[PDB]
Every structure is written in structure tokens, then in C-alpha cells.
Protein chains: 2
Amino acid sequence: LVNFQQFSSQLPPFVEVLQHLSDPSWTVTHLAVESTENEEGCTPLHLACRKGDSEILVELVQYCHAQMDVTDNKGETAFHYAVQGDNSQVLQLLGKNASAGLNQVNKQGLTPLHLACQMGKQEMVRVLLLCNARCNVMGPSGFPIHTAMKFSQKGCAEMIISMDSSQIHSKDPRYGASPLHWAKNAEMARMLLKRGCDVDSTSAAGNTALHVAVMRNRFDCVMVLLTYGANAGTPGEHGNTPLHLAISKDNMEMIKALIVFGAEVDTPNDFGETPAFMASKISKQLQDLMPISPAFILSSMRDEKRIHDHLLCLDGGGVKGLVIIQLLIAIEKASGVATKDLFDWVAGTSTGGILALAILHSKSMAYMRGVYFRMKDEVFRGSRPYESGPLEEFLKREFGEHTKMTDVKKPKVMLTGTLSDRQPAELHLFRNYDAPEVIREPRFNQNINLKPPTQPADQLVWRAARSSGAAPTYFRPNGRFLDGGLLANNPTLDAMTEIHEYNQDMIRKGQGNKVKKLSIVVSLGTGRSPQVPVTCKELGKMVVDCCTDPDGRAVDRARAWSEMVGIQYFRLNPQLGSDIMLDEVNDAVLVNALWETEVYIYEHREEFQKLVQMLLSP
Amino acid sequence: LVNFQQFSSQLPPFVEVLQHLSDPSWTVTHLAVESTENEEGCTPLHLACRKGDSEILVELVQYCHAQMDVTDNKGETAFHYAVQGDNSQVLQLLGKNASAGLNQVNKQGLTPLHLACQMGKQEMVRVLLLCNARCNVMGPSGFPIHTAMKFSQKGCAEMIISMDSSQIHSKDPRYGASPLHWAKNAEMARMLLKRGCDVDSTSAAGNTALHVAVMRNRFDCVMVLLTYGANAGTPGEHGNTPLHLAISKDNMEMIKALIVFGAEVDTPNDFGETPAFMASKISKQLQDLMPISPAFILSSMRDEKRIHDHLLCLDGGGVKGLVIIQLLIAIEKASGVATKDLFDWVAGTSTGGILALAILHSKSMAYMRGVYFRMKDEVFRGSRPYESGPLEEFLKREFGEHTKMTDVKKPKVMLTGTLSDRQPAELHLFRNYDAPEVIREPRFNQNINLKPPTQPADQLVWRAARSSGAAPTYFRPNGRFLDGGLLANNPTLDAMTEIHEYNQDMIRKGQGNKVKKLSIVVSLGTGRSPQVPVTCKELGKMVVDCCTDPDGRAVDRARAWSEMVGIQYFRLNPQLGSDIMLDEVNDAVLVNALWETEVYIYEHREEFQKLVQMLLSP
């Protein structure tokens, strides 16, 4: 031991630090940082790159003769010996002339990109990307973008895709694949899908991404894909539609999730195996599960000017609005004639506000199901109250920041809203035809105290959509208006009031070719929770339960009054089996609820034929 | 000084307060208490009665020579030298043989009764009355009870009336008065009126009790009397209704008070002087305030079994129910046709619940105004929450502890109420016909959810009145039910739904004798607050304002739907000038609000006449 330290000092001419060099063979130029070599397989420039010493690096290559592209006996190069540390500037001083180690890579064939992907060193990835690191360098498991996702390093993958858009193209060399396909995590599916990613990019064999999520039993990504437009029923490798691949499991959640989003149940694979056959083989659960779906010439209906008048009444509600979407869809398909072109009047309160306002602008219905599924995650991030940046601006984008209300008027539409500007707390109908000016009874004005009122006539679609759609027991103070759920929450009863008011405005004006009788009124409710006894804040919040309950008397009133006039009130909503609350964002229970709704449509399925019958008659 | 104390010691043979007893001439037999006389107007036996020395009293007449019936130098007797003290047993020891002093009376005429009544020695009044004190002895101000009341001694008057109910009969000899008339104090009017005191008591001239209260300008007692049933407009002395007696003053508070409680303005006195004439003579306030300035053959109408059907819908509300009473009364008087006999159907929610239930049992409307004025002080003694002992027990009294609901069916009636037994929080109508057997669609049960709760058949008037009328934001948990203000709170919509439901049950049952189209529905609301702007717990309570709004859209809805059917909805209620709250007990503000209502009736002389016109039409 004495001779070792004698040589150590006799080098030191060329304390507990460097003593730990014993606890082992450095050299003068090697340990001079704490083009020579080591007995463990190292290099001095590599250690001065690793330890984040940048001026010592300036003093090792610019001052001394030490070539930069040094490859040790362990595979590594000078570039990716620094990304194990935290320098990020050594990379900049090494990205110079006569230094080609960027594509020189053999740990196991893992380019500096891939190593920075394995660890999580994102800033290192950016530093490499500004220096043209050639993400078109095929690796062991695939290209560098796939390496970021094999390990689920979020920041690194995000930086890669931000610098290079083209990386949404690259295919996994083993199986021709998208970045999504062989890379699955609930959040990552979204953080790539929001980027404009095609989900139907297929495969080597032909397997979709949701095929991969289903085969591995990750319900999360099945949902993330169906929401963002993935199409169930894709044949794939063996003609096994994603439905076959779920029945091969015991995941009823996923089977119902796919059946809701449109998968057929008789479609056979390449071998002829129908998925209902699969079901009856596996369990009796699934065979009982799958009985989901004739003069169908659609006799005498279009969007034209003739006798009667159809009304649609979309209640407010939570994210539960999806229920009515489903209902609408099964009506829309049971007549085939595109809900918007089916009804002459359409009214909505809160989520039905958003939805009615949408089906005015010629937005399709499954598309809207997707929209809510994509929005529930952005909007309901909060404790109880939400600052509405997400909801307001999501509507800005979804309907247009400059699109004003009365630009469309294809069917007449009305969104509710509680004008909380006044202690009276009146109701404002957001309307897009003109206005009903009738009769001559201003009950609060025309006497003194007070006339600073506003009522902004008819503009700014997104602004009205927010002023309607926020059930404010949840959101916040929201400008001048709160939900029309504070007063109406179920326009069914109130929209007929507006019908007759506007008709008397028309007639009084001598117009006289008013569209006559509301021949049909159809009110869709976002489901009913089940009936719990209460043998008793649960004694101070029942005020709000009553104030916004749409499925109590506001059915009986409207119905008996429709029977007074000749209307055939048609109230549609399913008994769910759960207290699905308004701001529910676990889409597992939301999908279960959509299945609940479709079971309701199945169980009735007669009322629907009779309603379509009425809706298309002469 | 030496001689005075010499006589004091020579008396001490005939212990430190005797010098200050000297300083003015007592004697041996005189000061032997602290049959001689005095130089200040006194007597020894009188002092042995005054000082409450009973054993000295036994030792002054039985042992010593002291006649009992000694009259002092200022008129007073031995009896009412003791009621200046507080013995009350010496009186009985003097209520013995050779003692006729009960009617021994001369201060200026002050019976033992009158002295004990003027001072307040109530126990003395009782002791004398138990000893046959012969109250038919005119004193200075009338009889002894009137002497008790000229000085407003409650204990004494109450004791007199306890011994003799007959003393609420006796008239002031000078003018002839119930104990009311020549005896005025706000509280005593009540503690005498609650005893069964008749207001129909006349005067010498013929003056009512409120005549004395008004001419003397004691607004307190005017209110206390109009409250307990006094009838303004009694002609009285000169044909001067108590209204004439206010206009000669400048007390507008009282003028409004009398016109509200029914005083006319066409009523001439003996001289032909209309009271509005008095006004225009007196002031320009009063000239503008009062004056009013003919098919009255009652053509072809009663309440029998014929074509159409009338409905009445009395909103809920606070103690403000008086408003609708006022309206009803001013409607009733404009037709003369006795509300119960005028409408075939009647619905009520909270105060209108009690009120409709009252007009069902043929309890008159002025009577209900009185009832509320007498009850409001009893029920609302609490800060926010009230334990309902007063309300529940007041209904027990006012409607009968054993009177069951369906004893009447005179007009069909329905009271609202929120059945809080269930998390759905349904609505139950307390009904008295039988029940409407719905189209057989019970959509909330039949998925066997629960059958341990019960839907309690038609019984128990007072219990239902409470289960409806108890606003639980104010009162308490109230059994299974809360206010009908959480629900309908303006039954008009729900009452018409129920009308039609019952009519279709009738027709469905093969009856074929439908009563009819309800040709008229009249909705009377407990006033409107004035319109307050809001530029902002006032955002957690505005939820409740919305939930219980009876004058917002539930007017427009009902109205436009009646225009669908042919009904001529009649919404009647006044713009108050104030936010009169629920548990308001200052009857001054309630009276101002009734004046607001009567001004509303003034301006609406067209609507009311048209409503009565239809109410009696073919």
C-alpha cells in the first residue's frame, strides 16, 4: 500500500478526497478531473464530460491535444457519457467539427437520443435535437421515439415530438406500427393523440392501436382511443374485430364499452367466428349481454315547410349529458334521418344547452359524444369550483370565438340561463329566430326603481353556451348568468310557453302562417339515479336537489298539458343503477352508464318505433 | 327637647328608634303600634291596620277599648287604611261583626276596592272580593273595575274578572262603557279582549271601543281592536264611523289602518258628510289619498251542478298570506258571493295551505285575517328556527284535533307538500275528493326498489296543514314533509295537472259527467318585492330565491298554457314597496302592505270587475 501512495504523490507533482481513489486505477490525465486510458474501460474526456465540468472540458480539448470522438472498450462514445450526468453544455461543445459520435452508438445500439429517453433527461434530448441527431436512426426496439415510450418517459417523448412533428410517422421496425400502437399508458395515449395523431394507421399485420390496448387488458387506452375517434369493428390480423379480442378476455367493461361505440356482434372474422358465438362459448353473462341490434322507407319527411312542428327538449345535467346523446343517436339511427333535420324547435338548459346549440350548427351526434368525453378531462380539474377557463375556451374553439348566435337558424333553438343580474333573478332565453314581442305587461319595469337593464340581443354563440351550460352549484360565479338549472333545468315545460308566445307574436303581427300545433314534444333527460330512502349537509342541500330536479313533477305538468293540447308528450330517459353525479370523470362508470342507457332503449324499443313513426308521418 | 323625651319615658312606663320616632304628635295608645286621635289626621287602630300588626289588632279591640269603625280626619276608613299596606288578613279580621266598611267609602268616593285597584294591590282586591265587597259602588271614574283601568292595573282588573265574569259586562255610569271604552292601554285591551269582551258594547251616544281609541288617537289600541274583530264603519254617535274620527286628525297611519280593515269612504254621518269630503277639506295628502269618485242585478248565477268549473290557486308564502286574503276579500265583496260558494276547486301551498283549508271548512275571510294577526306573535317567538308548538297547536285549535280531512268536499281542495321521506323528494298533494287513478304509469317504482314507505290516505286536517305550511328554511324538520315551497309553491301548474288527471280518471272510469273544462283559473300571490339590482351569503341563498320563485315563469307558463286551452288565467298580486319577509310580526308594516294591496285594487278596477263578471256569467 505504501508504494501505491508514493506513486500517487509522484504523479500529484505532474485530505480524504483522492484517498477514495484507492477505495482502482486512474492516471495523471485521467484522475486530473476529480487521450489516455483506464483499466476498467474508460477515457478521461468521458469523465470530464460526465461530471458536468464545462470549463475543464474547454481546458481538455481546446488547450490539450485530446481527440473528442473517443470510444472506450465498453461501447460508449463521448456524447452519451454526459447525459448520464447533468451537464447539457458538454453536448454543445462536442457538437462541433470533426466529432461524429451522434450516430455512433453501441451500448446495445441506443443512440444518445435513446439513452436520454431511457433515463428521463429531457433537456438533453432538446440539446441533441437542435444539433440534428437523426431520429431516423433505427434502434433495437425501434426508432428513438418508440424508445421513449417503451419506458413511459413523458417529458422526453413530449420534447421529441415537439421538436419533430415528422415523428408521428415512424413505424416500429419489428411490426410496422405507430408510436401509439406499441406504447401504452393512459396519459401518453392522450399526450400523443391530442397532437393530430391518426388512430387508424394500421400495422404490419393490420392491428389497430385499440386492438393492442384490448389484447393487453388496458381499458384506459381503449377509452382514450374510442373517445378520440378510434373505430371499433376494425378487422385486423385474423379478422378479429376488437370485439372478438375482448370476449377472449373476461372484461365485460370493455365489451360494453365497444358495443356502445358501435361494434357489431355478428361480424365474423377470417375463420367465420361471430363474436356472439365467442360470447356463448365463454360465459352465459355475455350471451345474455349481447342481443343488441320492416318497412323502413321513411315515408314523408325532410326539412321543408309544411303543417306540424316537432320539439326537442334536452335537459341540463352534468357530464351525464352523454346519456341524451346516446338516446338521440339511437333515435337518429332508428329513423336514419339526422336529428338536426328532424326537429323544428330545439331547447336545452345546461349540457343539453351545449348539445342543442351543437345540433343547430350541423355537428354530428357521435362526434358530440366524443366532444364531451374529451372535455370532461379538461374542465372538471378542480376541487369543487372550476375557474371556467377550460369550459369557456373549449367552447370558444368548439363553436368559434367569433361565430354569433343567429348565423344558422336551421331549426329554431333556445338555450336557458338564469340572469342573476337582478334580485328578481329572471330567465333569459338565448334565442336565434328573432324574439317574441308580446304582450303588453311589463310587470317589474315601467314603474320607478329601476331601469339599468341589459338583455344583449342575439350574438356570440360560445358566450351563450357558457352562460347556459355551467350548473353553477359546481362551477363558480360566471359573469351575469348562472345555469338555467337554477330556474328551469328542464325546458320541456318552459319551451312550450315560448312556442305559444312566439306564435301569438306572429299572429298578432298578422303573419298568420305560423307553423301550427306542436305535434310532437320529445324531452330527453340525462338519466335518473335510483330511489334511495332518506329517514332523516343533507338537510340544507335538498333545496338544490328540488330546485334542479327535472324528473319529478316537471314531467307530469308538461305531459298532462300536452294531453290538454294534443301533443303526445314523449319523455325519454333511463333508470340508471347509480348516483352518477354531475362532474363525474371516471369514464369507466360513464361507459357503464351508456350501457345502462342502451339497455333502456332495448327494453323499450317499441316506444322508439312509435316515435319514429310519428316523426316521419304526413 | 327635655320635655318631649320626658313625656316619651313617662309613656314608656304607661328601644333606640324612639327619638327619631318623635320627629308631629303621637300618643301612648297611638304610637303603641309603631283609642285617641291625631293632629295630622290619624287614629291608632288605623295604624294597627296599616303596619300589618295582626296580634296588636287582636289586642286593640278585644283587650283595649277601640271601636272598629273609626273614620280618620281625611275621610278614609279603617279598611282602606290597610290596603295602603300589604297585610290582607287584617281585612278578614275586620270582616267581622259590627263591621260595615266594605261600602264605607270617602276619599272623594274611594271604596276599599277602588283604592286597592288604583294602587295595584291585587291580592287586596282579591281578599275584598272573596268577602262580598259589593262592586256596585260608583267611584270617581265609574265602577271599581273602571277605577282599576283608568290607572291600568292589570293584576287588579284580572282578579276582578276572575271573581266576576260579570264585570266585563258593567258600564261606566257616566257614559256607559265596557271596561274597554274609558280605559285605554295597548296591552290591557288584549288582556280584557282575550277574556271574552264584546266589542259590540255601545256608549251613551253609541260609540264603539275603537271610537274611543281613534278619537283619543291611540294607534296601538286601534290595531289591537281591529285585530280582535272590531268592525270599522260602525256609525256611532253622530253617524261618525271611526274613519270620520281619524280624518279630523292628521294621522295617516290610522286612516290607512281603517280603510284596510274595511272602512268605507262613501259612508255619510248624520249630517251628510262623506269621509272623503272630510279629507278634501282637511288636507291635500288626504284628498289625494282616499276618494273613489252599474250592473248589480246578479243575473243568473249560484253554486249548483252545471256546465263549467272554477279553480283558485293560492300561492304559499310567509305570514304575507294576508295579502291574498285581502285580495280574496276585495274580490268577495265585489261579487258578494262568499269565496267558498264561489270556486269549485281550490289549491294552496304554504300559508294558502292553511287558508284554503280554512275557506273549505266555511271559515270566513275577515276571520282568517284576524286569525293571522292573532297568531303571528304566537308562532314567531324565536330567532330563526321555531319548534312549531304554537303553529301545530294553533292548527289543532283552529281546525279541530279530530277533524279529519275529507269531512267536507264542499269545494274540492288540495294542499301541496314535499315528501322528504325519499331521496327523489317527490310531491304529495293533500287531497279531499278521493284520489286520481293515473294512466297506470308508475315510473319511479316497479324495479322493486323499495316498499317500506307509505303514502298515507286522506285524513287529519291540521296535520296536513302543518305538513304543507311549514317553510323549513325557517321552522324545523316537520315529520315526513317540508314546505310546498321547495316544490310547486304556486300550485297553479300542478293544480291544473291534477284537475286534468282527475277529469281523465273520471272519463276513463266511464263516468261521462265531467265537471267541465275549468273555465277560469285565478292565481293569487302574496305580493311582489320591488326590483333590486345586484352587481355582485348572497350567492348561496339566491339558489333558494330561485327554487321558491312563484311569480317568475310559473306565471308565464300557466298563462300561455291556459291560452292554449281557453281559460283566461287571472294572476293577481301587488307590487309592494318593500321586501316583507316571511316571519314578519310588526303589524304596522303588514298593514302598510295591505294598503299597498288596496291601492293595487284601486288601479285594477277593470280586472276585478271582469273576473267577478266571468265568475257569475253563463
# chains A, B, ... in the order shown; residues from 1 in each chain; ligands from 1
$ residues_around --residues "residue A:429" --least-positions-apart "4" --cutoff "12 Å" --atoms "only C-alpha atoms" --output "PyMOL selection string"
(chain A and resi 347-349+353+413-419+433-436+455-458+464-465+467-468+481+483-484+487-488+491+494-495+497-499) or (chain B and resi 553)
$ interface_residues --of "chain A" --to "chain B" --cutoff "6 Å" --atoms "only C-alpha atoms" --output "JSON, numbers by chain"
{"A": [421, 422, 423, 424, 486, 487, 497, 531, 532, 533, 534, 535, 547, 557, 560]}
$ residues_around --residues "stretch 400-409 of chain B" --least-positions-apart "5" --cutoff "8 Å" --atoms "only C-alpha atoms" --output "list in words"
residues 360, 361, 395, 431, 432, 433, 458, 459, 460, 461 and 462 of chain B
$ residues_around --residues "stretch 81-91 of chain B" --least-positions-apart "6" --cutoff "10 Å" --atoms "only C-alpha atoms" --output "number ranges by chain"
B: 42, 45-55, 57-58, 71-72, 102, 112-113, 115-117, 119-128, 131
$ residues_around --residues "residue B:179" --least-positions-apart "6" --cutoff "9 Å" --atoms "only C-alpha atoms" --output "ChimeraX atom specification"
/B:145-146,149,167-172,189,192,197
$ select_by_dssp --residues "stretch 147-349 of chain A" --states "helix (DSSP H, G or I)" --output "PyMOL selection string"
chain A and resi 147-150+154-163+165-168+186-193+209-215+219-227+242-247+252-260+275-282+284-289+319-335+339-341
$ select_by_dssp --residues "stretch 287-374 of chain B" --states "strand (DSSP E or B)" --output "VMD selection string"
chain B and resid 309 to 314 345 to 348
$ residues_around --residues "residue B:290" --least-positions-apart "6" --cutoff "12 Å" --atoms "only C-alpha atoms" --output "ChimeraX atom specification"
/B:243,247,252,255-256,258-260,263-266,274-280,283-284,595,598-599,602
$ write_last_selection --atoms "N, CA, C and O atoms" --output "tab-separated table (two decimals), in the first residue's frame"
chain	number	residue	atom	x	y	z
B	243	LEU	N	-113.71	56.05	10.97
B	243	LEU	CA	-112.95	56.70	9.91
B	243	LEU	C	-113.14	58.21	9.93
B	243	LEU	O	-112.16	58.96	9.79
B	247	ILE	N	-110.03	61.33	10.16
B	247	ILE	CA	-109.79	62.39	9.20
B	247	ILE	C	-109.73	63.75	9.87
B	247	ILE	O	-109.02	64.65	9.40
B	252	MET	N	-102.29	59.69	9.18
B	252	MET	CA	-102.46	58.85	8.00
B	252	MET	C	-102.23	57.38	8.31
B	252	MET	O	-102.84	56.51	7.67
B	255	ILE	N	-105.59	56.22	9.26
B	255	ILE	CA	-106.53	56.23	8.15
B	255	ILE	C	-106.31	55.01	7.26
B	255	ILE	O	-107.26	54.33	6.84
B	256	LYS	N	-105.04	54.73	6.93
B	256	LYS	CA	-104.75	53.51	6.18
B	256	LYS	C	-105.18	52.28	6.98
B	256	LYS	O	-105.72	51.32	6.42
B	258	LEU	N	-107.64	51.92	9.02
B	258	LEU	CA	-109.08	51.68	8.99
B	258	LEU	C	-109.58	51.34	7.59
B	258	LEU	O	-110.46	50.48	7.45
B	259	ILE	N	-109.06	52.01	6.56
B	259	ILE	CA	-109.52	51.69	5.20
B	259	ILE	C	-109.13	50.27	4.84
B	259	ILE	O	-109.87	49.58	4.11
B	260	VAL	N	-107.99	49.79	5.34
B	260	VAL	CA	-107.58	48.42	5.08
B	260	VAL	C	-108.58	47.44	5.69
B	260	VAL	O	-109.03	46.49	5.03
B	263	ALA	N	-113.15	50.03	6.31
B	263	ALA	CA	-113.91	51.26	6.41
B	263	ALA	C	-114.23	51.79	5.02
B	263	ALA	O	-113.34	51.87	4.16
B	264	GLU	N	-115.48	52.16	4.81
B	264	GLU	CA	-115.91	52.76	3.55
B	264	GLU	C	-115.54	54.24	3.51
B	264	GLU	O	-115.16	54.85	4.51
B	265	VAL	N	-115.64	54.81	2.31
B	265	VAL	CA	-115.41	56.23	2.10
B	265	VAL	C	-116.63	56.93	1.52
B	265	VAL	O	-116.59	58.14	1.29
B	266	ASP	N	-117.73	56.21	1.27
B	266	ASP	CA	-118.97	56.85	0.87
B	266	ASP	C	-119.87	57.10	2.05
B	266	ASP	O	-120.82	57.89	1.93
B	274	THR	N	-119.64	62.93	3.75
B	274	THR	CA	-118.84	61.79	3.34
B	274	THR	C	-117.42	61.96	3.87
B	274	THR	O	-116.92	63.08	3.98
B	275	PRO	N	-116.75	60.86	4.25
B	275	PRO	CA	-115.41	61.00	4.82
B	275	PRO	C	-114.37	61.48	3.81
B	275	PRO	O	-113.44	62.20	4.20
B	276	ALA	N	-114.49	61.11	2.53
B	276	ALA	CA	-113.59	61.67	1.53
B	276	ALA	C	-113.78	63.17	1.39
B	276	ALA	O	-112.83	63.90	1.09
B	277	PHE	N	-115.00	63.65	1.63
B	277	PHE	CA	-115.26	65.09	1.71
B	277	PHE	C	-114.47	65.70	2.86
B	277	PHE	O	-113.81	66.74	2.69
B	278	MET	N	-114.53	65.07	4.03
B	278	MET	CA	-113.68	65.45	5.15
B	278	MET	C	-112.22	65.55	4.73
B	278	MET	O	-111.54	66.54	5.03
B	279	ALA	N	-111.73	64.54	4.01
B	279	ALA	CA	-110.34	64.55	3.57
B	279	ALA	C	-110.05	65.78	2.71
B	279	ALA	O	-109.18	66.59	3.06
B	280	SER	N	-110.78	65.94	1.61
B	280	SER	CA	-110.53	67.06	0.71
B	280	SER	C	-110.65	68.40	1.42
B	280	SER	O	-110.04	69.38	0.98
B	283	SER	N	-106.87	68.15	4.18
B	283	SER	CA	-105.52	68.17	3.65
B	283	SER	C	-105.52	67.92	2.15
B	283	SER	O	-106.55	67.60	1.56
B	284	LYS	N	-104.35	68.08	1.54
B	284	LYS	CA	-104.14	67.66	0.17
B	284	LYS	C	-103.48	66.29	0.07
B	284	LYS	O	-103.56	65.64	-0.98
B	595	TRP	N	-102.32	48.08	2.63
B	595	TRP	CA	-102.66	49.32	1.94
B	595	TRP	C	-102.12	49.31	0.52
B	595	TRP	O	-102.79	49.77	-0.41
B	598	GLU	N	-104.51	47.34	-1.40
B	598	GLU	CA	-105.75	48.04	-1.68
B	598	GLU	C	-105.57	49.11	-2.76
B	598	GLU	O	-106.49	49.37	-3.53
B	599	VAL	N	-104.39	49.73	-2.83
B	599	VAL	CA	-104.09	50.64	-3.93
B	599	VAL	C	-104.00	49.87	-5.24
B	599	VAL	O	-104.42	50.36	-6.30
B	602	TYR	N	-107.43	49.43	-6.24
B	602	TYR	CA	-107.85	50.72	-6.79
B	602	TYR	C	-107.56	50.78	-8.28
B	602	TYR	O	-108.46	50.94	-9.11
$ atom_distance --atom1 "atom CA of residue A:567" --atom2 "atom CA of residue A:518"
6.2 Å
$ residues_around --residues "residue A:574" --least-positions-apart "5" --cutoff "6 Å" --atoms "only C-alpha atoms" --output "list in words"
residues 527, 597 and 600 of chain A
$ write_last_selection --atoms "N, CA and C atoms" --output "mmCIF file, in the first residue's frame"
data_model
loop_
_atom_site.group_PDB
_atom_site.id
_atom_site.type_symbol
_atom_site.label_atom_id
_atom_site.label_comp_id
_atom_site.auth_asym_id
_atom_site.auth_seq_id
_atom_site.Cartn_x
_atom_site.Cartn_y
_atom_site.Cartn_z
ATOM 1 N N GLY A 527 -80.769 10.708 -17.548
ATOM 2 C CA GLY A 527 -80.875 9.597 -16.630
ATOM 3 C C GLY A 527 -81.422 9.997 -15.269
ATOM 4 N N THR A 597 -78.076 3.056 -20.552
ATOM 5 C CA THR A 597 -78.977 3.744 -21.474
ATOM 6 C C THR A 597 -79.370 2.843 -22.638
ATOM 7 N N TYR A 600 -81.868 0.367 -21.601
ATOM 8 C CA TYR A 600 -83.185 1.004 -21.566
ATOM 9 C C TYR A 600 -83.816 1.075 -22.954
#
$ atom_distance --atom1 "atom CA of residue A:10" --atom2 "atom CA of residue A:74"
29.7 Å
$ closest_residue --among "B:161, B:612, B:312, B:515" --to "residue B:335" --atoms "only C-alpha atoms"
B:612
$ atom_distance --atom1 "atom CA of residue A:200" --atom2 "atom CA of residue A:177"
10.8 Å
